[PDB]
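>
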Ligand SMILES: CC(C)CCC[C@@H](C)[C@H]1CC[C@H]2[C@@H]3CC=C4C[C@@H](O)CC[C@]4(C)[C@H]3CC[C@]12C
Ligand SMILES: CC(C)CCC[C@@H](C)[C@H]1CC[C@H]2[C@@H]3CC=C4C[C@@H](O)CC[C@]4(C)[C@H]3CC[C@]12C
Ligand SMILES: CC(C)CCC[C@@H](C)[C@H]1CC[C@H]2[C@@H]3CC=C4C[C@@H](O)CC[C@]4(C)[C@H]3CC[C@]12C
Ligand SMILES: CC(C)CCC[C@@H](C)[C@H]1CC[C@H]2[C@@H]3CC=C4C[C@@H](O)CC[C@]4(C)[C@H]3CC[C@]12C
Ligand SMILES: *[C@@H]1O[C@H](CO)[C@@H](O)[C@H](O)[C@H]1NC(C)=O
Ligand SMILES: [Ca+2]
């Protein structure tokens, strides 16, 4: 049968896999053992599938005798299927191991060798990320322990009315309160704080054990629902110090970690494109584009002689060619496209009846005129030269589609879908007048050249979603049916619904809600029931990795080729225009101590602006700051006065005078103080912007951002055009259709008047009368300016499922919703998310990365210096031996040898590991015996750690002990726990947090974690001004928010509450941080719209005077600018460390060169520079051949060359470490024949940093 398992028997079993994948998507999970006919026949078909796979297993197991992973997986699936079928026939948890059927789609990857390569390229890019997964795990553990020690059991009480404990009488969302002696949220008028409450999320979200806390910390790290936890803690303990926990956790484990991931992935993509260039693949793309260039060239020249007639087309056809390329037929078509866009983007809801006539006549006249355009271009330029180009085929398709789809809406067969909106994609022809069109054409060329790889990465992305959708359907199918009056929309009941839910989890929005529903579907918070959260954890952290390795590996690997093609076409043009044109052509202003004081006053005038009181119109604090501004602006005027004697202007003194003039005319009017003041006090936020031209480096990192902004002017305009097109298509689908009545039984505005009966919590015995209101969606598709705002919030992955499930229910204009009407309309949102929120955003990030690479890398050195020998010679010049501190008076040497042994390290590491375990099982509700045991167990750990501190201080001496930073870090921990024990046997918690920091010592171990973290921290420190831009942005926007939305009333049912408001600078900064992390920022935006209530203190005109419409611009601009600046800082830090991110550890470098120092250390205690001649035999053989040679005996050619290379100018064993290191590194790489020593001598004084005449002894 070794013959029968070849030929298309492997295609038969592939079609069988495809059939079993369709028989899995048709199955409908029914609650409580229900079924239908289809699910009854599918089980019968499973027998055929299983019998087919079992004979495949037989024929491959008696013909091969398993070693491969895929065949073993197939055997496992077959065995589990047999066992499940037999068990089900026996009983007739039975159907609980059917979840192994979802691993059968994984056989499609193995069935074709063209996708195994892609899967391996995706999976092997992950092993460099295991040095970031460990860091994330350590951060999670440390923060879980800190939350255990800070917020354990504090979220188990809430307002309970005053009749007893009836049922959590505060809406459907009860929040934790605190007792009258507490510092948390106090209960309302007719309520009392009383314990005995499940928890904020049915007891799932809390810090009770190391299982709840370790999952709450992870959920916060994924930046989803972290403000909810922060506000629950705020209501529990207080509003003073949970932000120090949560904001630090977000910064350390969500932004820093993502920066590390981006750096490691970009340095790995570059370290493969460099290999591809070395082998050669750009040449194929380059030598193909010039081919069709001449095939667009000479092949038009052949057709230009087609009508040289020596039957009378020369009169007209010669003019048709001229007119087409006359810059008249190029501007006329642009004007027509602009007109078409104008009449397409003018379709609103309830438009005037004449507009719907003008636009439909235009949609026919312009369509006919464009058809005439096509016909004129085709026959007058060759019918096969109209297919050579890419826009020409696109225009052909769009014209033909417009003509075809016009009829289907003309006579009612089909409902409009905006087919002509794609002529706009011809406005991108206006880029021809700009230089930014050869750059945008090569990107499309690379995208269309790597189509076979894009369509395979997308296929793997879809297979992942399908497999996890089937698994979620198996687990949670027919289980999200709870008795609560709300029917969950994101469920796992169908195949399309499962696909939508898995896609929503992959996008990240509200994944924690689906996880909570899944946890409560399998019971509640309990050991066996809560174990179904690994599904949502693994799905999130293994789908967000695939979404970032599929789309970034397409953006960066294609933009790098696009820029290479652009460079090639830019040098070819220059060479042609240079050689082809070569045969024919041939006073205290300038102080230093005064500018730094003016800068201090500038920075002081911005604190008096952030300390104001937005609400209280008249207050004491508002009086001195209004009084201190008099002296503040006078000095800025005296500085401005003193600068007109010096000279008589630049583009920064304009702003410097603008602020002073604004302040003066603010104090100038002083009489119209109800007007202008609230539109002139907003321009006071330009006060911090006066340090841009006074704090050089801040001037450089503002020039760099403005140079970088003009470079992304292609990615920002193409994305805007795509968003406009998608909005125009969405207005034709959801205009006038997203309206709803409060009474779900009424589907007309003339039918939604009056009051209706509502039942609280679905209790029929408790009716409540509510008014009937006809309302629209929060974000609608009525205009072309509302669709672009509804789509922006979708692209930011905020509240997009709500819009999805509101648009699915829409069926008819001027009508209400219908449950699951057009579930097939979700493809619109899926395509928009894939194209805009996944493809174009990653293109923008990759463009920033590549642009920074070229901007900061093209200089290099231009003088040989290969990219390892550079640092090799640099450290050869700058080096010295280490210090050892051997303890003379051997009474100390015994203890020192004991301490510096390799067993003390393991003993201490095990001690820390046991301490972190003893701190990891302090639960809530522990018995008193457990608490006393915990105390008299921490006692021993503190004792052994203080004796180890003493026994290390004795050996290393107080001079050599505290010198190393690690001992002083442990010194506080031991002291922080010694005093903690004393005050624990008898009120503070900050001393307990010291013990957890001991795990940081274990974290900072290994040569990968330590090196990566240290290099990234150093790169962060090397650019302190790039991070100042974000601080300035946050400060400016916080001040603006304080002056605009600072007076809005604090209702707890809105998004402007006690926790979230603009009433203080810290609160405004926290709100802006929340919006930067993307946490219902659109809800805060809509809670700041005009027509809300002002606030007690901020003074009637109180109909509703608060809210500005400035909110839309404020929030959208802040989101865009914050994202841009965060990406800017991220890429700057990443490419400040690109020599480590592309290290190629298999070749010489700092790693072995630094170890040479330590292997020297013992032989030479002091630095000095004197050597032992006994070294030769063992010197290089001590470590490895990567530095020296492979431990060979001191009689080989390697040993002969060890002495043959003359030690530079040193008698006997007095060679300096620099000389021997340089000789070693020049033997290891870049070897040269004798007589070139003077060449190296002259090279080491030309382009390297100054030697300071310190190589005078190292010359020969
Ligand atoms: C060429 C592209 C980029 C810009 C097109 C701008 C025009 C066609 C669009 C943009 C903003 C639109 C307006 C946005 C809002 C309103 C208010 C309401 O009464 C519906 C129509 C009306 C008045 C729209 C008419 C069409 C409109 C003016
Ligand atoms: C591979 C990843 C994505 C999924 C892992 C699934 C496995 C390891 C987990 C996740 C869900 C878990 C189930 C969750 C809840 C229950 C209900 C109860 O009767 C105990 C066992 C049982 C049935 C668990 C068994 C183990 C389980 C099936
Ligand atoms: C480098 C600079 C720009 C960073 C920002 C520092 C300034 C603007 C911030 C940092 C901390 C802030 C203070 C934090 C807390 C309070 C208490 C509050 O009841 C009034 C405002 C006041 C007094 C803030 C004034 C502005 C402040 C001093
Ligand atoms: C860091 C390593 C040791 C992981 C720690 C896991 C162990 C030690 C922790 C995590 C989950 C914990 C359990 C979670 C919930 C409860 C219910 C509570 O009413 C009694 C304690 C008990 C039963 C906890 C005991 C300790 C526990 C088993
Ligand atoms: C929220 O604000 C106040 C606070 O009570 C009140 O008007 C009402 O509860 C809410 N506002 C509206 C308009 O419903
Ligand atoms: Ca969200």
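Residue numbers (this note's numbering): 24 to 1283.
Beta carbons: idealized from backbone N, C-alpha and C, even for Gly.
1) So residue 289 packs on residue 1164, CB below 8 Å; how close in whole Å?
2) When the Cα atoms are used, what is the spatial distance from residue 616 to residue 677?
3) For residue 265, which of 999, 170, 662 and 276 has the nearest alpha-carbon?
4) Does the Cβ-Cβ distance between residue 477 and residue 569 come in under 7 Å?
5) What's the call for residue 1013, buried or exposed, on a 16-neighbour Cβ count within 10 Å?
6) Count the other CB atoms, across all protein chains shown, that sit within 10 Å of the CB of residue 232; report buried if there are 16 or more and exposed otherwise.
7) Can you tell me whether residue 146 is helix, strand or coil according to DSSP?
8) How many Å lie between residue 702 and residue 696 at the Cα?
9) Between which two residues does the beta strand (DSSP E) containing residue 793 stretch?
10) State yes or no: is the C-beta of residue 1069 within less than 7 Å of the C-beta of residue 1085?
11) Can the beta-carbon of residue 86 be found closer than 7 Å to that of residue 25?
12) Applying the 10 Å Cβ sphere with the 16-neighbour rule, what's the burial state of residue 93?
13) Examine chain C for any beta-carbon lying closer than 7 Å to the beta-carbon of residue 53, and answer yes or no.
14) Terminal residues of the continuous beta strand (DSSP E) containing residue 779?
15) Quick check: what's the CA-CA separation for residue 383 versus residue 371?
16) DSSP three-state call for residue 798: helix, strand or coil?
17) Could you tell me the distance, in whole angstroms, from the CA atom of residue 493 to the CA atom of residue 234?
18) Could you say which of 364, 539 and 551 lies nearest to residue 807 if we only look at CA atoms?
19) So the candidates are 162, 58, 108 and 74; which of them puts its Cα closest to the Cα of residue 1020?
20) Hey, how far is the Cα of residue 529 from the Cα of residue 798?
21) Under the rule that 16 or more other beta-carbon atoms within 10 Å means buried, what is residue 449, buried or exposed?
22) Along the beta strand (DSSP E) that carries residue 218, what are the first and last residues, could you check?
23) Grouping DSSP H, G and I as helix and E and B as strand, with all else coil, what is residue 711?
24) For residue 403 and residue 128, I'd like the C-alpha separation in whole angstroms.
25) Cβ atoms of residue 816 and residue 1044: under 7 Å apart, would you say?
26) Does the distance from the CB of residue 260 to the CB of residue 177 come in under 7 Å?
27) When the Cα atoms are used, what is the spatial distance from residue 801 to residue 479?
28) List the DSSP bridge partners of residue 182.
29) Do residue 202 and residue 216 count as a contact pair if the criterion is CB distance below 7 Å?
30) Collect the residues with a C-beta less than 5 Å away from any heavy atom of ligand 4 and give them in sequence order along the chain.
31) Are there 16 or more other CB atoms within 10 angstroms of the CB of residue 796, so buried, or fewer, so exposed?
32) Rounded C-beta distance between residue 246 and residue 277? I'm assuming under 8 Å.
33) Taking the straight line between their C-alpha atoms, what separation do you get for residue 55 and residue 503?
34) So what does DSSP say about residue 824, is it helix, strand or coil?
35) Could you tell me the distance, in whole angstroms, from the CA atom of residue 720 to the CA atom of residue 1054?
36) Can you tell which of 506, 227 and 1264 has the C-alpha that lies nearest to the C-alpha of residue 785?
On the basis of the coordinates in this document:
1) By one-based count along the chain shown, residue 289 stands at place 266. By one-based count along the chain shown, residue 1164 stands at place 1141. That belief holds up - the Cβ atoms of residue 289 and residue 1164 are roughly 7 Å apart, short of 8 Å.
2) The residue given as residue 616 occupies position 593 in the chain shown. The residue given as residue 677 occupies position 654 in the chain shown. Roughly 23 Å separates the two Cα atoms.
3) Your numbering for residue 265 matches position 242 in the chain shown. If we check each option's Cα against that of residue 265, 170 comes out closest.
4) Residue numbering aside, residue 477 sits at position 454 when the chain shown is read from its first letter. Residue numbering aside, residue 569 sits at position 546 when the chain shown is read from its first letter. Annotated as distal: residue 477 and residue 569, with beta-carbon spacing of 7 Å or more.
5) Taking the chain shown and counting its residues from 1, the one referred to as residue 1013 is at position 990. By the neighbour-count rule (16 or more Cβ atoms within 10 Å), residue 1013 is not buried but exposed.
6) What you label residue 232 is simply residue 209 of the chain shown in a count that begins at 1. Burial of residue 232 is indicated by the presence of at least 16 other C-beta atoms within 10 angstroms of its C-beta.
7) Taking the chain shown and counting its residues from 1, the one referred to as residue 146 is at position 123. In this structure, residue 146 counts as helix in the three-state DSSP scheme.
8) The residue labelled residue 702 in the question sits at position 679 within the chain shown. The residue labelled residue 696 in the question sits at position 673 within the chain shown. Between residue 702 and residue 696, the C-alpha separation is close to 11 Å.
9) Here residue 793 refers to the residue found at position 770 of the chain shown. Residue 793 -> beta strand (DSSP E) spans 790-794.
10) As a first step, residue 1069 is located in the chain shown; it is residue number 1046 there, counting from the start. As a first step, residue 1085 is located in the chain shown; it is residue number 1062 there, counting from the start. Contact: yes.
11) In the chain shown, counting from the first residue as 1, residue 86 sits at position 63. In the chain shown, counting from the first residue as 1, residue 25 sits at position 2. Yes.
12) The count along the chain shown starts at 1 and reaches residue 93 at position 70. Burial call: exposed.
13) This model lacks chain C altogether, as it is built from one protein chain only.
14) The residue labelled residue 779 in the question sits at position 756 within the chain shown. Per DSSP, residue 779 is one residue of the beta strand (DSSP E) stretching across 778-782.
15) Residue mapping note: residue 383 aligns to position 360 of the chain shown, counting from 1. Residue mapping note: residue 371 aligns to position 348 of the chain shown, counting from 1. Their backbone Cα atoms lie some 14 Å apart in a straight line.
16) As a first step, residue 798 is located in the chain shown; it is residue number 775 there, counting from the start. Note: residue 798 maps to strand in three-state DSSP.
17) The sequence position of residue 493 within the chain shown is 470, counting from 1. The sequence position of residue 234 within the chain shown is 211, counting from 1. Rounded to whole angstroms, residue 493 to residue 234 spans 27 Å at the Cα level.
18) Along the chain shown, read from residue 1 onward, the residue named residue 807 stands at position 784. The option with the nearest alpha carbon to residue 807 is 364.
19) By 1-based counting over the chain shown, the position of residue 1020 is 997. The shortest Cα separation from residue 1020 among 162, 58, 108 and 74 belongs to 162.
20) Residue numbering aside, residue 529 sits at position 506 when the chain shown is read from its first letter. Residue numbering aside, residue 798 sits at position 775 when the chain shown is read from its first letter. Distance between the alpha carbons of residue 529 and residue 798 is about 31 Å.
21) Along the chain shown, read from residue 1 onward, the residue named residue 449 stands at position 426. Burial state of residue 449 is buried, judged by a 10 Å Cβ sphere holding 16 or more other Cβ atoms.
22) Walking along the chain shown from the start, residue 218 turns up at place 195. Looking at the DSSP string, the run of the beta strand (DSSP E) that includes residue 218 is 216-218.
23) Reading the chain shown from its first residue, position 688 is the one you call residue 711. In the structure shown, residue 711 adopts helical secondary structure according to DSSP, grouped into three states.
24) Here residue 403 refers to the residue found at position 380 of the chain shown. Here residue 128 refers to the residue found at position 105 of the chain shown. Residue 403 and residue 128: Cα-Cα distance of roughly 52 Å.
25) Within the chain shown, residue 1044 is the residue found at index 1021, counting from 1. Within the chain shown, residue 816 is the residue found at index 793, counting from 1. In this structure, residue 1044 sits away from residue 816, with a CB-CB distance that is not shorter than 7 Å.
26) Taking the chain shown and counting its residues from 1, the one referred to as residue 260 is at position 237. Taking the chain shown and counting its residues from 1, the one referred to as residue 177 is at position 154. For residue 260 and residue 177, yes; Cβs fall inside 7 Å.
27) By 1-based counting over the chain shown, the position of residue 801 is 778. By 1-based counting over the chain shown, the position of residue 479 is 456. Cα to Cα, residue 801 sits roughly 38 Å from residue 479.
28) Reading the chain shown from its first residue, position 159 is the one you call residue 182. Answer is 216.
29) Sequence index remark: in the chain shown, residue 216 carries index 193 (1-based). Sequence index remark: in the chain shown, residue 202 carries index 179 (1-based). Yes, these two residues count as a Cβ contact at 7 Å.
30) Selection output, chain order preserved: 232, 233, 234, 940, 943, 944, 946 and 948.
31) Residue numbering aside, residue 796 sits at position 773 when the chain shown is read from its first letter. Exposed.
32) Locating residue 246 in the chain shown gives position 223, counting from the first residue. Locating residue 277 in the chain shown gives position 254, counting from the first residue. The beta-carbon distance between residue 246 and residue 277, rounded to whole angstroms, is 5 Å. This is short enough to meet the 8 Å contact definition.
33) Taking the chain shown and counting its residues from 1, the one referred to as residue 55 is at position 32. Taking the chain shown and counting its residues from 1, the one referred to as residue 503 is at position 480. Straight-line Cα distance between these residues: approximately 12 Å.
34) What you label residue 824 is simply residue 801 of the chain shown in a count that begins at 1. Correct three-state label for residue 824: helix.
35) Residue numbering aside, residue 720 sits at position 697 when the chain shown is read from its first letter. Residue numbering aside, residue 1054 sits at position 1031 when the chain shown is read from its first letter. A direct Cα-to-Cα measurement between residue 720 and residue 1054 gives close to 15 Å.
36) As a first step, residue 785 must be located in the chain shown, where it is residue number 762. For residue 785, the closest C-alpha among the options 506, 227 and 1264 is that of 506.
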